[PDB]
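Trainee: part one of the assembly, not moved from where it sits:
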Amino acid sequence: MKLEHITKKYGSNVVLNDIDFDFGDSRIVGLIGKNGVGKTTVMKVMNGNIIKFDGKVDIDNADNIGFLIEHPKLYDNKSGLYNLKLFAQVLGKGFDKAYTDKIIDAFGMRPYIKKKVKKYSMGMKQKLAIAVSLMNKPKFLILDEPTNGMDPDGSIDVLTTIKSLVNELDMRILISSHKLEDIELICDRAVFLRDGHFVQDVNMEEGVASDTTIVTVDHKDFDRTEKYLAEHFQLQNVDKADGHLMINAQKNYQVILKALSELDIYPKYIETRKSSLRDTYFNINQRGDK
């Protein structure tokens, strides 16, 4: 799934304007923008529903594609197991009991997998829809707001199960959803859509230069601390008058404090300044509303 020089117009309304996309060493990607900017249009282009792409798409025939678009689509009068069997025979290669039982058991819909879908709730149908998407045996999974009708702990549980299946079986996920604080827990990269183009792409592990980590230390320890940081990581700002040292952001503080505790150094303070997706999105999008 790649797009190169894609432009799509509806009459006089330009939805997409020369957008490029590529999975380069990343597993989970998030797509963020406003409502009616043409996110669902991107999903349809990425899925295969729209036909007038005006560009080039290079797809191998052996790779399978699984998707979920805005609301679940199911057969109301029939049961969940019927839906699972049908989408396994029609879209996938076939039906296998071990794969379906492991998927069903991990998500947790076994007690009510034999009940009628008409009696389900919204979160149960959304989870079943995700299971139907996985029934395809896809190589790329494309989900449109998978977490809209469930409470935060349930959302967290669903996301943890999704990442776990990403790791036991090789899958690439594209997620567009609101409640961005839940996406930022488990995601590898994010793309921001504005004015028809992908304006910003942020990889959080490598960071941005605005992220800083503030370490405060004693006057006596400044030379040794500077020596250790100069050996190991990159140093951006050092202030002797302040007594404050700024280093690149690190998610885990264990190794850092191990080394300083080994050199008889105890920091006064530690904190990190980082830009989250809420801060970055609001800063970028304040440019057209405010």
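Mentor: The structure has been received and is ready for your questions. Numbers count the residues shown, from 1 in each chain, chains lettered A, B, ... in the order given.
Trainee: so the residue of chain A positioned farthest from its centre is in which element?
Mentor: Largest separation from the mean C-alpha position in chain A: residue A:220, at 44.2 Å (CA atoms, centre = their mean). Using DSSP states H and E, no element contains residue A:220; it sits outside every helix and strand.
Trainee: distance-wise, check it relative to residue A:243.
Mentor: Using CB to CB, to the nearest Å, we find residue A:220 at a distance of 11 Å from residue A:243. (Each C-beta comes from the backbone N, C-alpha and C, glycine too.)
Trainee: equivalent analysis for residue A:10, please.
Mentor: 59 Å.
Trainee: of those two, which one has the most company?
Mentor: residue A:243 (15 against 9; other CB atoms under 10 Å).
Trainee: grab the nearest non-local neighbour of the more buried one.
Mentor: Sequence neighbours aside, residue A:216 is the residue nearest to residue A:243 in space, at 6.0 Å (criterion: CB to CB, 6 or more residues apart in numbering).
Trainee: quick check on that neighbour: phi, psi?
Mentor: Main-chain torsions, residue A:216, degrees, to the nearest 10: phi -110, psi 140.
Trainee: what's the answer for residue A:213, then?
Mentor: Dihedral angles (degrees, to the nearest 10) for residue A:213: phi -130, psi 130.
Trainee: show me the longest helix that occurs in chain A.
Mentor: helix A:152-168 (DSSP state H).
Trainee: which residues in the stretch 151-290 of chain A form helices?
Mentor: Using DSSP state H, counting those that start in this stretch, the helices of the stretch 151-290 of chain A run over A:152-168, A:180-183, A:222-232, A:254-262, A:277-289.
Trainee: tabulate the ones you listed (CSV), appending distance to residue A:136 and mean neighbour count.
Mentor: What follows is these, written out as CSV (distance: least, CB to CB, whole Å; neighbours: other CB atoms under 10 Å):
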stretch, distance to residue A:136, mean neighbour count
helix A:152-168, 13, 15
helix A:180-183, 23, 16
helix A:222-232, 46, 14
helix A:254-262, 41, 13
helix A:277-289, 29, 13
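Trainee: just put the ones you listed in CSV and tack on distance to residue A:79.
Mentor: Converted to CSV, the helices of the stretch 151-290 of chain A look like this (distance: least, CB to CB, whole Å):
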stretch, distance to residue A:79
helix A:152-168, 22
helix A:180-183, 30
helix A:222-232, 58
helix A:254-262, 50
helix A:277-289, 39
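Trainee: go ahead and add chain B:
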Amino acid sequence: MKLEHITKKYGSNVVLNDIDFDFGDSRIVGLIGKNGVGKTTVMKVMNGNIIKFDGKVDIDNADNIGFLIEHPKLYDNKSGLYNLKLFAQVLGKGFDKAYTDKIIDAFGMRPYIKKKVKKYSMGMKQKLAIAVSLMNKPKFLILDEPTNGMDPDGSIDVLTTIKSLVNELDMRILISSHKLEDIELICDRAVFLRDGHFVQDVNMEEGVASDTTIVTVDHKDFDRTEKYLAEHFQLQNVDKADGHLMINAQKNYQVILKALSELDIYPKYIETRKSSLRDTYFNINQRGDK
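Mentor: Okay, here's chain B dropped in alongside the others:
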């Protein structure tokens, strides 16, 4: 509006177990709980859709109630002005030209106020539904997730407009919704529902916020650190699954870090931040899922 000793049961199943409620010196109140615990049952009981109360409800006849429940209810066939006029005459005291003009102008629905509702989107229907709810000119407003499918900017704008209307009209609001970070922005008090009872009631008026420090550590060390820190300092909250322990605000980290170093336990991440409802909600309700 007060509730006293409400106990509603379905056959053998009991949904509410001696609950109480009252707008006591509070203007905006948030209702927080899990999925399918009986939050909507509470809204239907409060609004009046349920008669088999098994309690005492003290309400006055001169005060109107405007509500939003599970999904918008509107005339899809007809127009926006017809819906607006109909619910102002049938439900309210009448139709007011200046009042309706002010509400439409403040919410910003004027460009699309004359086009058919069936051509609307989901957010458009919720915004119109909020205006329909306020059309009754109520004294009590109960809303079931009014901002389900809206972008962050839109949610900020709608909540800010609603807050300014809480001063323009003598209004009292109860909002039950997930995505609590939107809730913490504009609310004075939140109530937490677990096992049919309101377990905790946190009220926030000024920005003191009862600042706290979070220490994170693995399970095999979390047992020893909780005991030691309970023997020394006073502990506020604990999360067992993530090993998150939230003591009160400490200006100097030296005595804690020295004690944990001679204690051989070490933290993964240290920051100080204002406590929130994400911390309280997860603390109360992580025991049943895991």
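Trainee: ok so, going back, now do the longest helix of chain A: distance to the chain's middle.
Mentor: Taking CA atoms, centre = their mean, to the nearest Å, the mean C-alpha location of helix A:152-168 is offset from the chain mean by 12 Å.
Trainee: that helix vs helix B:277-285, what angle?
Mentor: Interaxial angle, helix A:152-168 versus helix B:277-285 (axes from the mean of the first three to the mean of the last three CA atoms, to 10 degrees): 90 degrees.
Trainee: need the contact partners of helix A:152-168.
Mentor: A:27-28, A:103, A:106-107, A:123, A:127, A:130, A:134, A:146-147, A:150, A:171, A:173, A:179, A:182, A:185-186, B:34-35, B:178-180, B:278, B:281-282, B:285-286, B:289 (CB atoms under 8 Å, 6 or more residues apart in numbering or on different chains).
Trainee: filter these to the buried ones?
Mentor: For those, a neighbour count by 16 or more other CB atoms under 10 Å in any protein chain shown gives the buried set as A:28, A:103, A:106-107, A:123, A:127, A:130, A:134, A:146-147, A:150, A:171, A:173, A:179, A:182, A:186, B:34-35, B:178-180, B:281-282, B:285-286.
Trainee: out of those residues, which are inside strands?
Mentor: If you go by DSSP state E, those have A:28, A:173 in strands.
Trainee: residues contacting whichever residue of the stretch 1-150 of chain A sits closest to chain B?
Mentor: Taking CB to the nearest CB, chain B has its nearest neighbour within the stretch 1-150 of chain A at residue A:34, 4.7 Å off. Counting by CB under 8 Å, 6+ apart, residue A:34 touches A:285, B:151, B:153-154.
Trainee: excluding its backbone neighbours, what's nearest the residue in chain A that chain B sits nearest to?
Mentor: Chain A approaches chain B most closely through residue A:151 (4.2 Å), counting by CB to the nearest CB. Setting aside the residues directly before and after it, residue A:151 is nearest to residue B:35 in space (CB to CB, 6 or more residues apart in numbering or on different chains), at 4.2 Å.
Trainee: how about the contacts made by that neighbour?
Mentor: So residue B:35 contacts A:121, A:123, A:150-151, A:154 (CB under 8 Å, 6+ apart).
Trainee: chain C should join the structure above:
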Amino acid sequence: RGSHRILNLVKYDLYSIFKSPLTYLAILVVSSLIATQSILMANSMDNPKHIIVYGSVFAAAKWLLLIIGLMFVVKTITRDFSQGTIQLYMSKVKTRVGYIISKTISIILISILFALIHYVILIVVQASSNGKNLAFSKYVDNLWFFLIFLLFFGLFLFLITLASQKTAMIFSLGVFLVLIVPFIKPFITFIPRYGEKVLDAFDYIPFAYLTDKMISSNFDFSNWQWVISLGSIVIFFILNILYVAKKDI
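Mentor: Chain C, in position alongside the others:
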């Protein structure tokens, strides 16, 4: 107040009736069909000097317009339950009662308007041709019969739609209740040795005689029959208020 809430609900129900194009398509189709049938039957079999009897046109126009008016009443009753806006009207007790009052008033107003429409169609058909004009008492007691039939069936269907909250059942059940008895009687009543007994017992079951008297061009009721019909309407109405104020959604 309650008076304003009832009058605005009846007014909006009337406005909803007067705006749809299906109402004027139904009147055009019925008037065209009735005119074709009357002209074809009078101008071709016996070939008199253009004499027309009005009993057949009366019965046929009455039956077609009633089956359409029944569907129009069922649609008006089930509009809010189909769209779910009913959940907005069941807040307090006075509104929950005023809803039923407004629905009954709307049924009465639609019936009166429909009687006027029947008057206009019959006057213009009589005006076009020549013959012996009818009497005013026929139209007045016909209006009374129109009212009785539509009220009985609307309240019965109102009770069923409150109990079940499903719309496809109401439409199918209404069609079945109006149209099953004339279809079944010739093929089944003449068989039993208990048929005479069942026919005598048919004078107290509301369904059988209200539907039976539909074909006739004049209605005739006994005192007991009148008593049982009014008592049945009152019991269904009282039962509707009691059940609407005791049902939990």
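Trainee: state the distance from the residue farthest from the centre of chain A to residue A:268.
Mentor: Residue A:220 is 12 Å from residue A:268, by CB to CB.
Trainee: enumerate every residue touching residue A:99.
Mentor: residue A:137.
Trainee: surely it forms part of a helix?
Mentor: Yes. Counting by DSSP: H, G, I helix; E, B strand; the rest coil, residue A:99 is part of a helix.
Trainee: residue 100: neighbour count?
Mentor: Let's take chain A. Neighbour count for residue A:100, taken as other CB atoms under 10 Å in any protein chain shown: 18.
Trainee: please refer instead to chain C.
Mentor: Residues near residue C:100, counting by other CB under 10 Å, number 17.
Trainee: and the one 3 residues further on, by the same measure?
Mentor: For residue C:103, the number of neighbouring residues by other CB under 10 Å comes to 22.
Trainee: before we move on, what about residue C:170?
Mentor: Residues near residue C:170, counting by other CB under 10 Å: 21.
Trainee: pretty sure it contacts residue C:76?
Mentor: No. Applying CB atoms under 8 Å, one finds residue C:170 not in contact with residue C:76, separated by 11.6 Å.
Trainee: what's opposite residue A:79 in the beta bridge?
Mentor: With DSSP bridges as the criterion, residue A:79 is bridged to residue A:116.
Trainee: for residue A:239, same thing?
Mentor: Here residue A:239, judged by DSSP bridges, has bridge partners residue A:244.
Trainee: tell me which element the residue most central in space within chain C falls in.
Mentor: With distances taken as CA atoms, centre = their mean, the residue of chain C nearest its centroid is residue C:150 (3.3 Å). Applying DSSP H and E as the criterion places residue C:150 in helix C:136-164.
Trainee: can you pull the buried residues of that helix?
Mentor: In terms of neighbour count (16+ other CB under 10 Å), helix C:136-164 has its buried residues at C:139, C:142-143, C:145-162.
Trainee: now do stretch A:92-101
Mentor: By 16+ other CB under 10 Å, the buried positions in stretch A:92-101 come out as A:92, A:99-100.
Trainee: coming back round to it: please tell me how far the residue nearest to the centre of chain C sits from residue C:247.
Mentor: Taken as CB to CB, the span from residue C:150 to residue C:247 is 24 Å.
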